[PDB]
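One structure below.
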Amino acid sequence: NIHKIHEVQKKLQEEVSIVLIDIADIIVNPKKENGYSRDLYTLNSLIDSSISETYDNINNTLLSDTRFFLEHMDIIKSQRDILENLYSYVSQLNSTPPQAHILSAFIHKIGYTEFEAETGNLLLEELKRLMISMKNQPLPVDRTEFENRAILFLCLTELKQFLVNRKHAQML
Amino acid sequence: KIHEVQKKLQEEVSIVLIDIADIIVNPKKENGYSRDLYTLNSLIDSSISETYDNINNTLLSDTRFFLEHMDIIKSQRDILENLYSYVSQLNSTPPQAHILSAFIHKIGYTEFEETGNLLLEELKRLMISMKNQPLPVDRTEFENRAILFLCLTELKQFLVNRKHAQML
(Lines give C-alpha, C1' and ligand atoms only; values in the text may rest on other atoms or scores of the structure.)
Protein backbone atom coordinates (compact mmCIF):
# COMPACT_ATOMS: atom_id res chain seq x y z
CA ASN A 1 0.00 0.00 0.00
CA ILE A 2 3.08 2.33 0.09
CA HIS A 3 3.70 2.52 -3.68
CA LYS A 4 -0.01 3.21 -4.28
CA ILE A 5 -0.04 5.99 -1.65
CA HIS A 6 3.23 7.61 -2.80
CA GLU A 7 2.15 7.60 -6.47
CA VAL A 8 -1.13 9.31 -5.50
CA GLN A 9 0.62 12.00 -3.42
CA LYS A 10 3.11 12.49 -6.30
CA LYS A 11 0.27 12.94 -8.82
CA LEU A 12 -1.57 15.43 -6.53
CA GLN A 13 1.61 17.50 -6.18
CA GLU A 14 2.06 17.45 -9.96
CA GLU A 15 -1.54 18.69 -10.41
CA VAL A 16 -1.02 21.46 -7.86
CA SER A 17 2.08 22.57 -9.78
CA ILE A 18 0.19 22.54 -13.07
CA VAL A 19 -2.41 24.98 -11.67
CA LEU A 20 0.38 27.09 -10.12
CA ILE A 21 2.11 27.44 -13.50
CA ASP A 22 -1.27 28.36 -15.10
CA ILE A 23 -1.38 31.20 -12.56
CA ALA A 24 2.15 32.44 -13.48
CA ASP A 25 1.03 32.45 -17.20
CA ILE A 26 -2.08 34.49 -16.42
CA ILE A 27 0.05 37.29 -14.88
CA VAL A 28 1.86 37.70 -18.24
CA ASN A 29 -1.12 36.99 -20.56
CA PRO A 30 -4.32 37.97 -18.70
CA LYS A 31 -6.61 37.64 -21.74
CA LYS A 32 -5.22 34.48 -23.35
CA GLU A 33 -7.53 31.51 -23.12
CA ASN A 34 -5.92 29.36 -20.49
CA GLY A 35 -6.15 25.99 -18.69
CA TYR A 36 -6.62 27.21 -15.10
CA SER A 37 -10.25 26.15 -14.99
CA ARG A 38 -9.81 22.73 -16.51
CA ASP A 39 -6.69 22.11 -14.44
CA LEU A 40 -8.31 23.14 -11.16
CA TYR A 41 -11.29 20.91 -11.84
CA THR A 42 -8.96 17.96 -12.53
CA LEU A 43 -7.11 18.61 -9.25
CA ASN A 44 -10.37 18.99 -7.31
CA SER A 45 -11.68 15.72 -8.85
CA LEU A 46 -8.44 13.89 -7.83
CA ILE A 47 -8.57 15.31 -4.32
CA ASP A 48 -12.14 14.00 -4.07
CA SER A 49 -11.47 10.56 -5.50
CA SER A 50 -8.36 10.16 -3.37
CA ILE A 51 -10.22 11.01 -0.17
CA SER A 52 -13.27 8.94 -1.12
CA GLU A 53 -11.02 5.96 -1.76
CA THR A 54 -9.33 6.45 1.62
CA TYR A 55 -12.72 6.64 3.40
CA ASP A 56 -13.95 3.55 1.59
CA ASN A 57 -11.01 1.59 3.07
CA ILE A 58 -10.83 2.79 6.66
CA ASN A 59 -12.28 -0.61 7.70
CA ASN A 60 -9.40 -2.51 6.03
CA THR A 61 -6.44 -0.14 6.36
CA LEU A 62 -3.66 0.19 8.86
CA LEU A 63 -4.90 3.33 10.59
CA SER A 64 -1.20 4.26 10.28
CA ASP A 65 -1.39 4.57 6.47
CA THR A 66 -4.86 6.21 6.72
CA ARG A 67 -3.34 8.91 8.96
CA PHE A 68 -0.29 9.54 6.75
CA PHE A 69 -2.75 9.82 3.92
CA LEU A 70 -5.49 12.16 5.26
CA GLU A 71 -2.89 14.44 6.85
CA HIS A 72 -1.12 14.70 3.49
CA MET A 73 -4.48 15.41 1.81
CA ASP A 74 -5.00 18.29 4.25
CA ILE A 75 -1.80 19.90 2.90
CA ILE A 76 -2.97 19.39 -0.70
CA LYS A 77 -6.37 20.91 0.13
CA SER A 78 -4.54 23.88 1.73
CA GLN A 79 -2.43 24.28 -1.47
CA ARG A 80 -5.61 24.10 -3.60
CA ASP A 81 -7.18 26.90 -1.50
CA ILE A 82 -4.00 29.06 -1.88
CA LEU A 83 -4.13 28.47 -5.65
CA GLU A 84 -7.69 29.78 -5.67
CA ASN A 85 -6.56 32.80 -3.58
CA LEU A 86 -3.72 33.53 -6.03
CA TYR A 87 -6.06 33.19 -9.03
CA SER A 88 -8.52 35.69 -7.52
CA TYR A 89 -5.66 38.16 -6.95
CA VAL A 90 -3.94 37.81 -10.35
CA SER A 91 -7.30 38.01 -12.13
CA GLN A 92 -7.54 41.53 -10.65
CA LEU A 93 -4.25 42.84 -12.19
CA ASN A 94 -4.71 45.85 -14.57
CA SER A 95 -1.15 45.91 -15.99
CA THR A 96 1.95 43.65 -16.05
CA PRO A 97 4.79 45.88 -14.71
CA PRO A 98 8.40 44.56 -14.40
CA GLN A 99 7.80 43.38 -10.80
CA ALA A 100 4.78 41.34 -12.03
CA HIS A 101 7.00 39.75 -14.69
CA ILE A 102 9.51 38.94 -11.88
CA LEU A 103 6.71 37.44 -9.75
CA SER A 104 5.57 35.36 -12.67
CA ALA A 105 9.14 34.09 -13.27
CA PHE A 106 9.40 33.19 -9.56
CA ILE A 107 6.10 31.23 -9.66
CA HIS A 108 7.34 29.33 -12.77
CA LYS A 109 10.55 28.57 -10.93
CA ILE A 110 8.51 27.22 -8.03
CA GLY A 111 6.24 25.19 -10.31
CA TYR A 112 9.17 23.46 -12.10
CA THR A 113 11.65 22.92 -9.29
CA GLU A 114 11.69 19.52 -7.60
CA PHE A 115 12.03 20.05 -3.86
CA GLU A 116 15.36 18.82 -2.50
CA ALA A 117 16.88 19.36 0.97
CA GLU A 118 17.48 23.11 0.74
CA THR A 119 14.87 24.05 -1.84
CA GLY A 120 12.08 25.35 0.43
CA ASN A 121 14.57 27.47 2.37
CA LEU A 122 16.16 28.93 -0.78
CA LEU A 123 12.77 29.77 -2.29
CA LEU A 124 11.59 31.34 0.99
CA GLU A 125 14.75 33.54 1.11
CA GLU A 126 14.13 34.54 -2.54
CA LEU A 127 10.53 35.41 -1.66
CA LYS A 128 11.68 37.57 1.25
CA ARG A 129 14.05 39.31 -1.17
CA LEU A 130 11.16 40.03 -3.58
CA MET A 131 8.98 41.40 -0.71
CA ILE A 132 11.81 43.78 0.30
CA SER A 133 12.37 44.80 -3.34
CA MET A 134 8.70 45.47 -4.04
CA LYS A 135 8.47 47.49 -0.82
CA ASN A 136 11.56 49.54 -1.66
CA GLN A 137 10.40 50.57 -5.15
CA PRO A 138 9.35 54.10 -6.33
CA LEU A 139 5.99 55.12 -4.80
CA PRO A 140 2.84 54.68 -6.97
CA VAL A 141 2.00 57.55 -9.37
CA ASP A 142 -1.75 56.84 -9.16
CA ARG A 143 -4.54 54.75 -7.58
CA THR A 144 -4.44 52.10 -10.31
CA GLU A 145 -0.72 51.66 -9.65
CA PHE A 146 -1.21 51.54 -5.87
CA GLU A 147 -3.83 48.80 -6.29
CA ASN A 148 -1.79 46.72 -8.77
CA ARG A 149 1.10 46.75 -6.34
CA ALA A 150 -1.02 45.73 -3.38
CA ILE A 151 -2.32 42.77 -5.43
CA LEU A 152 1.25 41.71 -6.14
CA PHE A 153 2.12 41.95 -2.45
CA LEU A 154 -0.91 39.80 -1.48
CA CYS A 155 0.42 37.19 -3.94
CA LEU A 156 3.71 37.04 -1.97
CA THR A 157 1.72 36.40 1.21
CA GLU A 158 -0.02 33.41 -0.37
CA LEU A 159 3.23 32.16 -1.87
CA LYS A 160 4.97 32.07 1.52
CA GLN A 161 2.34 29.69 2.87
CA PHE A 162 2.49 27.67 -0.38
CA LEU A 163 6.24 27.14 0.10
CA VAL A 164 5.83 26.28 3.79
CA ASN A 165 3.21 23.73 2.74
CA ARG A 166 5.33 22.23 -0.05
CA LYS A 167 8.26 21.90 2.38
CA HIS A 168 6.00 20.23 4.98
CA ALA A 169 4.70 17.69 2.43
CA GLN A 170 8.32 16.79 1.53
CA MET A 171 9.73 16.58 5.08
CA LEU A 172 7.38 13.64 5.84
CA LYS B 1 -19.19 16.52 22.00
CA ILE B 2 -17.82 18.26 18.88
CA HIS B 3 -20.23 21.18 18.31
CA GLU B 4 -18.65 22.37 21.55
CA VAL B 5 -15.26 22.40 19.84
CA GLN B 6 -16.62 24.57 16.98
CA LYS B 7 -17.96 27.23 19.41
CA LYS B 8 -14.60 27.22 21.22
CA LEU B 9 -12.66 27.51 17.97
CA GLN B 10 -14.92 30.45 16.89
CA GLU B 11 -14.19 32.12 20.27
CA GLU B 12 -10.44 31.56 19.82
CA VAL B 13 -10.37 33.06 16.29
CA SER B 14 -12.19 36.14 17.67
CA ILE B 15 -9.70 36.43 20.51
CA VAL B 16 -6.76 36.52 18.07
CA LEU B 17 -8.58 38.97 15.80
CA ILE B 18 -9.04 41.28 18.87
CA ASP B 19 -5.28 40.96 19.53
CA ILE B 20 -4.64 42.18 15.94
CA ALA B 21 -6.88 45.27 16.61
CA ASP B 22 -4.80 45.88 19.77
CA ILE B 23 -1.52 45.74 17.80
CA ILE B 24 -2.70 48.33 15.28
CA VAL B 25 -3.02 50.98 18.00
CA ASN B 26 -0.01 49.85 20.08
CA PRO B 27 2.24 48.18 17.50
CA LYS B 28 5.19 47.53 19.85
CA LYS B 29 3.39 46.68 23.11
CA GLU B 30 2.76 43.23 24.70
CA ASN B 31 -0.54 42.04 23.29
CA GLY B 32 -1.28 38.34 23.98
CA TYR B 33 -1.19 37.46 20.20
CA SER B 34 1.53 34.79 20.58
CA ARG B 35 -0.29 33.07 23.48
CA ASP B 36 -3.79 33.26 21.90
CA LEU B 37 -2.60 32.15 18.50
CA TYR B 38 -0.79 29.21 20.02
CA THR B 39 -3.99 28.31 21.86
CA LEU B 40 -5.84 28.45 18.51
CA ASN B 41 -3.21 26.49 16.53
CA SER B 42 -3.02 23.86 19.27
CA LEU B 43 -6.80 23.37 19.41
CA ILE B 44 -6.87 23.19 15.62
CA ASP B 45 -4.06 20.51 15.68
CA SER B 46 -5.29 18.53 18.68
CA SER B 47 -8.86 18.46 17.39
CA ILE B 48 -7.88 17.32 13.86
CA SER B 49 -5.27 14.81 15.17
CA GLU B 50 -8.04 13.39 17.37
CA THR B 51 -10.64 13.26 14.56
CA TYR B 52 -8.30 11.01 12.54
CA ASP B 53 -7.37 8.90 15.61
CA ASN B 54 -11.12 8.30 15.77
CA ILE B 55 -11.53 7.58 12.03
CA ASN B 56 -12.54 3.87 12.29
CA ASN B 57 -15.18 4.10 15.07
CA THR B 58 -17.17 7.39 14.47
CA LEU B 59 -19.75 8.01 11.68
CA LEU B 60 -18.70 9.22 8.19
CA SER B 61 -21.35 11.89 7.48
CA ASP B 62 -20.43 13.65 10.72
CA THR B 63 -16.66 13.42 10.17
CA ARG B 64 -17.05 15.17 6.80
CA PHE B 65 -19.42 17.75 8.33
CA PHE B 66 -16.81 18.45 11.04
CA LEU B 67 -13.88 18.68 8.58
CA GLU B 68 -16.04 21.13 6.63
CA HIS B 69 -16.05 23.53 9.58
CA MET B 70 -12.35 22.91 10.26
CA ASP B 71 -11.47 23.98 6.67
CA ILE B 72 -13.10 27.37 7.33
CA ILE B 73 -11.41 27.65 10.68
CA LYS B 74 -8.00 26.97 9.10
CA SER B 75 -8.66 29.67 6.45
CA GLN B 76 -9.53 32.19 9.23
CA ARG B 77 -6.34 31.24 11.12
CA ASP B 78 -4.28 31.83 7.97
CA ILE B 79 -5.97 35.23 7.48
CA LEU B 80 -5.14 36.12 11.13
CA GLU B 81 -1.46 35.23 10.53
CA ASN B 82 -1.51 37.30 7.33
CA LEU B 83 -3.08 40.26 9.19
CA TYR B 84 -0.39 39.96 11.91
CA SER B 85 2.43 40.02 9.28
CA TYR B 86 0.97 43.32 8.01
CA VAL B 87 0.01 45.20 11.20
CA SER B 88 3.29 44.33 12.90
CA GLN B 89 5.07 46.52 10.30
CA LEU B 90 3.11 49.67 11.24
CA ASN B 91 5.27 52.76 11.67
CA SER B 92 2.60 54.73 13.58
CA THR B 93 -1.17 54.75 14.14
CA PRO B 94 -2.90 57.34 11.85
CA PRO B 95 -6.68 58.12 12.27
CA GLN B 96 -7.54 55.58 9.53
CA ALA B 97 -5.65 52.90 11.48
CA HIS B 98 -7.66 53.85 14.63
CA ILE B 99 -10.90 53.42 12.67
CA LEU B 100 -9.84 50.02 11.34
CA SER B 101 -8.83 48.95 14.82
CA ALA B 102 -12.29 49.94 16.16
CA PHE B 103 -14.00 47.97 13.32
CA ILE B 104 -11.84 44.92 14.03
CA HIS B 105 -12.78 45.13 17.71
CA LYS B 106 -16.46 45.40 16.61
CA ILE B 107 -16.04 42.19 14.57
CA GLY B 108 -14.25 40.34 17.37
CA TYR B 109 -16.86 41.16 20.02
CA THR B 110 -19.92 40.54 17.80
CA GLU B 111 -21.71 37.23 18.34
CA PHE B 112 -22.68 36.62 14.72
CA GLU B 113 -26.43 36.60 13.87
CA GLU B 114 -27.69 38.65 8.96
CA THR B 115 -24.76 40.44 10.68
CA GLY B 116 -22.14 39.08 8.22
CA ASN B 117 -23.64 41.45 5.66
CA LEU B 118 -23.92 44.62 7.92
CA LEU B 119 -20.27 44.04 8.71
CA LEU B 120 -19.35 43.48 5.09
CA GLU B 121 -21.24 46.70 4.25
CA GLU B 122 -19.30 48.64 6.89
CA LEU B 123 -16.05 47.22 5.53
CA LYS B 124 -17.05 48.36 1.99
CA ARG B 125 -17.62 51.96 3.15
CA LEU B 126 -14.21 51.90 4.83
CA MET B 127 -12.51 50.66 1.60
CA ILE B 128 -14.34 53.40 -0.38
CA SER B 129 -13.38 55.96 2.29
CA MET B 130 -9.72 54.94 2.28
CA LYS B 131 -9.58 54.70 -1.54
CA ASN B 132 -10.74 58.31 -1.74
CA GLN B 133 -7.79 59.59 0.30
CA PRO B 134 -5.15 61.61 -1.59
CA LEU B 135 -2.11 59.63 -2.76
CA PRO B 136 0.49 58.81 -0.04
CA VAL B 137 3.04 61.67 -0.05
CA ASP B 138 5.65 60.31 2.36
CA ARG B 139 7.15 56.82 2.18
CA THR B 140 6.17 56.30 5.86
CA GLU B 141 2.63 57.18 4.75
CA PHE B 142 2.53 54.97 1.69
CA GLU B 143 3.74 52.13 3.90
CA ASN B 144 0.97 52.70 6.48
CA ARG B 145 -1.61 53.07 3.67
CA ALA B 146 -0.40 49.84 2.01
CA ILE B 147 -0.71 47.94 5.28
CA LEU B 148 -4.27 49.19 5.90
CA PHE B 149 -5.31 48.35 2.32
CA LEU B 150 -3.91 44.81 2.63
CA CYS B 151 -5.78 44.45 5.95
CA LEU B 152 -9.17 45.62 4.50
CA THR B 153 -8.65 43.17 1.61
CA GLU B 154 -8.12 40.18 3.89
CA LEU B 155 -10.85 41.19 6.36
CA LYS B 156 -13.33 40.92 3.49
CA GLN B 157 -12.43 37.26 3.08
CA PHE B 158 -12.56 36.85 6.89
CA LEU B 159 -16.15 38.15 6.99
CA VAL B 160 -17.14 36.00 3.97
CA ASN B 161 -15.69 32.98 5.84
CA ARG B 162 -17.45 33.82 9.13
CA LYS B 163 -20.72 34.12 7.18
CA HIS B 164 -20.01 30.68 5.60
CA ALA B 165 -19.25 29.18 8.98
CA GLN B 166 -22.52 30.62 10.43
CA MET B 167 -24.59 29.38 7.47
CA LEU B 168 -23.57 25.78 8.02
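Chain labels follow the order of the C-alpha coordinates: the first chain is A, the next B, and so on; residue numbering restarts at 1 in every chain, and ligands are counted from 1 in their shown order.
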Taking only C-alpha atoms into account, what are the residues of chain A at most 8 Å from chain B, put as a PyMOL selection string?
chain A and resi 58-59+63+67+70+139+142-143+150+154+157
Considering only helix (DSSP H, G or I) as DSSP defines it on the backbone, what residues of chain B qualify? List them as a VMD selection string.
chain B and resid 3 to 25 33 to 53 60 to 87 95 to 109 115 to 131 139 to 166
As a VMD selection string, please: the residues near segment 25-33 of chain B (cut-off 12 Å, only C-alpha atoms, same-chain neighbours under 5 positions excluded).
chain B and resid 12 to 20 38 to 41 80 to 81 83 to 102 104 to 105 144
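Coordinates place atom CA of residue 112 of chain B at a distance of 8.2 Å from atom CA of residue 163 of chain B.
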Do you know which residues are at most 12 Å from residue 38 of chain A counting only C-alpha atoms, after dropping those on the same chain fewer than 5 positions away, and could you put them as a list in words?
residues 15, 18, 19, 22, 33, 43, 44 and 45 of chain A
Take the residues from that selection and put them in a file with N, CA, C and O atoms, as an mmCIF file, in the first residue's frame.
data_model
loop_
_atom_site.group_PDB
_atom_site.id
_atom_site.type_symbol
_atom_site.label_atom_id
_atom_site.label_comp_id
_atom_site.auth_asym_id
_atom_site.auth_seq_id
_atom_site.Cartn_x
_atom_site.Cartn_y
_atom_site.Cartn_z
ATOM 1 N N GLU A 15 -0.361 17.899 -10.056
ATOM 2 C CA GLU A 15 -1.535 18.689 -10.408
ATOM 3 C C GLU A 15 -1.600 20.065 -9.767
ATOM 4 O O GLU A 15 -2.060 21.013 -10.398
ATOM 5 N N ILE A 18 0.802 22.176 -11.789
ATOM 6 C CA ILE A 18 0.192 22.544 -13.070
ATOM 7 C C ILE A 18 -0.682 23.810 -12.938
ATOM 8 O O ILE A 18 -0.586 24.719 -13.754
ATOM 9 N N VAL A 19 -1.525 23.849 -11.909
ATOM 10 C CA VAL A 19 -2.412 24.983 -11.675
ATOM 11 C C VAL A 19 -1.535 26.191 -11.307
ATOM 12 O O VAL A 19 -1.820 27.296 -11.714
ATOM 13 N N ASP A 22 -0.175 27.651 -14.387
ATOM 14 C CA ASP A 22 -1.265 28.362 -15.102
ATOM 15 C C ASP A 22 -1.389 29.753 -14.546
ATOM 16 O O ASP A 22 -1.573 30.686 -15.314
ATOM 17 N N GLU A 33 -6.865 32.732 -23.521
ATOM 18 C CA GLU A 33 -7.526 31.509 -23.116
ATOM 19 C C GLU A 33 -6.502 30.611 -22.443
ATOM 20 O O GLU A 33 -5.396 30.396 -22.962
ATOM 21 N N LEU A 43 -7.695 18.697 -10.592
ATOM 22 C CA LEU A 43 -7.114 18.606 -9.253
ATOM 23 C C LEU A 43 -8.193 18.411 -8.197
ATOM 24 O O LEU A 43 -8.035 17.557 -7.325
ATOM 25 N N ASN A 44 -9.280 19.189 -8.255
ATOM 26 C CA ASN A 44 -10.370 18.990 -7.305
ATOM 27 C C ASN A 44 -10.937 17.567 -7.425
ATOM 28 O O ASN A 44 -11.251 16.941 -6.402
ATOM 29 N N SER A 45 -11.087 17.069 -8.664
ATOM 30 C CA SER A 45 -11.679 15.722 -8.854
ATOM 31 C C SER A 45 -10.741 14.625 -8.283
ATOM 32 O O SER A 45 -11.208 13.626 -7.704
#
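Take atom CA of residue 126 of chain A and atom CA of residue 98 of chain A: the distance between them is 16.5 Å.
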I'd like the neighbourhood of residue 92 of chain A as a VMD selection string, where a residue qualifies if any of its atoms comes within 8 Å (using only C-alpha atoms), though same-chain residues fewer than 3 positions away should be ignored.
chain A and resid 88 to 89 148 151
Can I get the selected residues back with N, CA and C atoms, as a PDB file, in the first residue's frame?
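Result written to part.pdb:
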ATOM      1  N   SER A  88      -7.681  34.523  -7.775  1.00  0.00           N
ATOM      2  CA  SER A  88      -8.519  35.695  -7.517  1.00  0.00           C
ATOM      3  C   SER A  88      -7.670  36.965  -7.612  1.00  0.00           C
ATOM      4  N   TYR A  89      -6.503  36.963  -6.960  1.00  0.00           N
ATOM      5  CA  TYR A  89      -5.660  38.157  -6.948  1.00  0.00           C
ATOM      6  C   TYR A  89      -5.135  38.495  -8.349  1.00  0.00           C
ATOM      7  N   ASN A 148      -2.474  47.800  -8.056  1.00  0.00           N
ATOM      8  CA  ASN A 148      -1.790  46.717  -8.771  1.00  0.00           C
ATOM      9  C   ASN A 148      -0.668  46.178  -7.918  1.00  0.00           C
ATOM     10  N   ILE A 151      -1.993  44.134  -4.967  1.00  0.00           N
ATOM     11  CA  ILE A 151      -2.320  42.775  -5.432  1.00  0.00           C
ATOM     12  C   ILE A 151      -1.069  41.896  -5.487  1.00  0.00           C
TER      13      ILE A 151
END
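Compared by their closest atoms to residue 77 of chain A, and using only C-alpha atoms, the residues B:140, B:110, B:70, B:62 rank with B:70 nearest.
For segment 114-122 of chain B, the non-local neighbours within 9 Å, defined as residues at least 5 positions apart in the same chain or in other chains and counting only C-alpha atoms, are residues 103, 106, 107, 127, 155, 156, 159, 160, 162, 163 and 166 of chain B.
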Go ahead and write the residues just picked, N, CA, C and O atoms, as a PDB file, in the first residue's frame.
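The result, written out as out.pdb:
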ATOM      1  N   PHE B 103     -13.114  48.866  14.099  1.00  0.00           N
ATOM      2  CA  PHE B 103     -13.998  47.967  13.319  1.00  0.00           C
ATOM      3  C   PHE B 103     -13.597  46.531  13.609  1.00  0.00           C
ATOM      4  O   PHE B 103     -14.443  45.662  13.715  1.00  0.00           O
ATOM      5  N   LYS B 106     -15.017  45.626  16.796  1.00  0.00           N
ATOM      6  CA  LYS B 106     -16.455  45.398  16.612  1.00  0.00           C
ATOM      7  C   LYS B 106     -16.682  43.964  16.115  1.00  0.00           C
ATOM      8  O   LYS B 106     -17.504  43.221  16.683  1.00  0.00           O
ATOM      9  N   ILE B 107     -15.929  43.558  15.094  1.00  0.00           N
ATOM     10  CA  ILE B 107     -16.043  42.195  14.572  1.00  0.00           C
ATOM     11  C   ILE B 107     -15.746  41.142  15.642  1.00  0.00           C
ATOM     12  O   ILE B 107     -16.516  40.179  15.800  1.00  0.00           O
ATOM     13  N   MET B 127     -13.336  50.783   2.817  1.00  0.00           N
ATOM     14  CA  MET B 127     -12.514  50.664   1.602  1.00  0.00           C
ATOM     15  C   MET B 127     -12.742  51.858   0.675  1.00  0.00           C
ATOM     16  O   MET B 127     -11.784  52.443   0.174  1.00  0.00           O
ATOM     17  N   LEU B 155      -9.725  41.203   5.447  1.00  0.00           N
ATOM     18  CA  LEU B 155     -10.852  41.189   6.357  1.00  0.00           C
ATOM     19  C   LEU B 155     -12.129  40.906   5.590  1.00  0.00           C
ATOM     20  O   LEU B 155     -13.045  40.346   6.133  1.00  0.00           O
ATOM     21  N   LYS B 156     -12.172  41.275   4.315  1.00  0.00           N
ATOM     22  CA  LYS B 156     -13.325  40.919   3.493  1.00  0.00           C
ATOM     23  C   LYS B 156     -13.486  39.397   3.418  1.00  0.00           C
ATOM     24  O   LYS B 156     -14.576  38.835   3.692  1.00  0.00           O
ATOM     25  N   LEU B 159     -14.725  37.991   6.760  1.00  0.00           N
ATOM     26  CA  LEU B 159     -16.150  38.153   6.988  1.00  0.00           C
ATOM     27  C   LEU B 159     -16.982  37.192   6.128  1.00  0.00           C
ATOM     28  O   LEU B 159     -18.031  36.728   6.565  1.00  0.00           O
ATOM     29  N   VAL B 160     -16.527  36.960   4.895  1.00  0.00           N
ATOM     30  CA  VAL B 160     -17.143  35.999   3.967  1.00  0.00           C
ATOM     31  C   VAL B 160     -17.057  34.594   4.588  1.00  0.00           C
ATOM     32  O   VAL B 160     -18.060  33.861   4.593  1.00  0.00           O
ATOM     33  N   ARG B 162     -16.654  33.888   7.902  1.00  0.00           N
ATOM     34  CA  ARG B 162     -17.454  33.823   9.126  1.00  0.00           C
ATOM     35  C   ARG B 162     -18.922  33.616   8.780  1.00  0.00           C
ATOM     36  O   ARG B 162     -19.624  32.855   9.447  1.00  0.00           O
ATOM     37  N   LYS B 163     -19.363  34.289   7.721  1.00  0.00           N
ATOM     38  CA  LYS B 163     -20.722  34.125   7.181  1.00  0.00           C
ATOM     39  C   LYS B 163     -20.955  32.681   6.745  1.00  0.00           C
ATOM     40  O   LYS B 163     -21.981  32.099   7.105  1.00  0.00           O
ATOM     41  N   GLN B 166     -21.208  30.415   9.801  1.00  0.00           N
ATOM     42  CA  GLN B 166     -22.524  30.623  10.432  1.00  0.00           C
ATOM     43  C   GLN B 166     -23.638  29.904   9.686  1.00  0.00           C
ATOM     44  O   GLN B 166     -24.574  29.390  10.307  1.00  0.00           O
TER      45      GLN B 166
END
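Atom CA of residue 104 of chain A is found 10.3 Å from atom CA of residue 155 of chain A.
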Excluding residue 116 of chain A and any residue of its chain fewer than 6 positions from it, enumerate the residues within 10 Å of it, using only C-alpha atoms, and give them as a ChimeraX atom specification.
/A:167,170-171
Pick from A:133, A:152, A:145, A:166 nearest to residue 121 of chain A, counting only C-alpha atoms
A:166
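Nearest residue to residue 97 of chain A, choosing from A:37, A:50, A:1, A:144 and counting only C-alpha atoms: A:144.
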